[PDB]
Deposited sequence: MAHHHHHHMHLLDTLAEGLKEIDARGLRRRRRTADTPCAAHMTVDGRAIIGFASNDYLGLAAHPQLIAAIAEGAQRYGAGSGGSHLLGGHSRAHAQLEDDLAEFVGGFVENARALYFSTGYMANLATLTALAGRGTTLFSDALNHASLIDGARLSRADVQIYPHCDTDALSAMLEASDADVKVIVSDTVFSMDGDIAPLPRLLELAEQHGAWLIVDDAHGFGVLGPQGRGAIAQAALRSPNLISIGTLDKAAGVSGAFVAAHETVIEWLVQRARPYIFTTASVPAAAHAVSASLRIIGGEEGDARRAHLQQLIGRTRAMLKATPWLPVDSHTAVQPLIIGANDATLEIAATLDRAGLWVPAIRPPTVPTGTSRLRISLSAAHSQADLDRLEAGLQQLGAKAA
């Protein structure tokens, strides 16, 4: 009956997590991801997912999964569906550069990792927005480059850091929509600085793809940017409602990634049915149904912004589906989330280190699948709190 003494340190750390209010609960969904979902046998309205267009449970995407598996098999063992998706993505999101290509990756993390390891090295300096999500942080540390953090969206500070750098290779890295705040990065000014200093501008559009710009092509498209310095990363498990991720860039950039990125990064792939279903999702996102879903989401955002302002708490000023409400402490945030959970509304409580100390917050995530009746109930829940 041997005992591993390090189990004791884990057990003590878990108890400390309970006391400090940082315990995480994983809930099991009895029904598909959607506006209304059943959890533990009780139907609730969910504001927790990043299913921004309501596509995760869409009948056309369910059908595309089934069709994709019948055509290409259950597992990948580069399927024809993966190759076709790369063509479809280049056409949809590559408008910022002539002769765009795209690469499909299993996860957003892998997409970031492939891009940074291929382009960054010793002698590269990487300039990173302070609120960038942790995957981008992790990808950069692996790159073996010097990482300099510029203050959030502070392009004057970044301009001063760029000129105070003699590096042979400079890379600027920013999320487009910040996942816990909802604000949109100053891409026009960031790109100006990138061209002036001869730097790559790598932008992660995880939370802007599908919901920003003409036909939902994303944040670069919204900013109407055109430059070969741009490298566009996105994920396909949020607005697109399936799984996977992409890098889109000038074909020379893509070919360099194929030749220089760590080969194991290409050895993982989602099931072929997933790639086939993303191609179907692009047709919805870019079509009249996508336009209608986005227009409805914009109306939900407009109502929710004022709803949050009416509460005693401080909203983060967001024009995207991410609608945070700052409470303050962990305990006070968990208490309010539980009051909403009792009213049948699932609103996550975000806590450090995900967010700065003293800014624990509800993260209300809107979806085009939500109705005005759903916001009626969220409002009543907030008004009662």
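- Residues of the deposited sequence lacking C-alpha coordinates, counted from 1, fall in the stretches 1-5, 83-89, 398-402.
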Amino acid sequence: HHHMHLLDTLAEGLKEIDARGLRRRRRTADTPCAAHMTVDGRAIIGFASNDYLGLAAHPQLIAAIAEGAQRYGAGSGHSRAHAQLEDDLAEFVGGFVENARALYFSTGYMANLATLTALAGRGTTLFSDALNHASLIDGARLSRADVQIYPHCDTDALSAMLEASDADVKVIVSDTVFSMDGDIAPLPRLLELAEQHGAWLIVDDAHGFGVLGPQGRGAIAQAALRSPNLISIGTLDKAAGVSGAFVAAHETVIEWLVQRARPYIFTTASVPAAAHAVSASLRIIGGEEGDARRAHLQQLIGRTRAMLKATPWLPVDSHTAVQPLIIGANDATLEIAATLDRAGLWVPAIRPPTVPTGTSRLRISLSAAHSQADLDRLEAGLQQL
From here on, numbers count along this sequence of modelled residues.
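- Comparing the deposited coordinates for 106-114 and 206-214, the stretch with the larger average C-alpha B-factor is 106-114.
- Checked against the record, the higher mean CA B factor of 265-273 and 178-186 lies with 265-273.
- Ranking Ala157, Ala83, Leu191, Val93 by the C-alpha B-factor listed in the PDB entry places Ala157 at the top.
- Of the residues listed, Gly198, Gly234, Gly286, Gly73, the entry assigns the biggest Cα temperature factor to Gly198.
- In this PDB entry, the Cα temperature factor of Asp291 sits in the bottom third of its chain's modelled residues, the lowest group.
- When the modelled residues of the chain are ordered by C-alpha B-factor, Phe246 sits in the lowest third.
- Placement of the Cα temperature factor of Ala66 within the chain: middle third of the modelled residues, per the deposited record.
- Placement of the Cα temperature factor of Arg377 within the chain: middle third of the modelled residues, per the deposited record.
- For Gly121, the recorded CA temperature factor ranks within the highest third of the chain's modelled residues.
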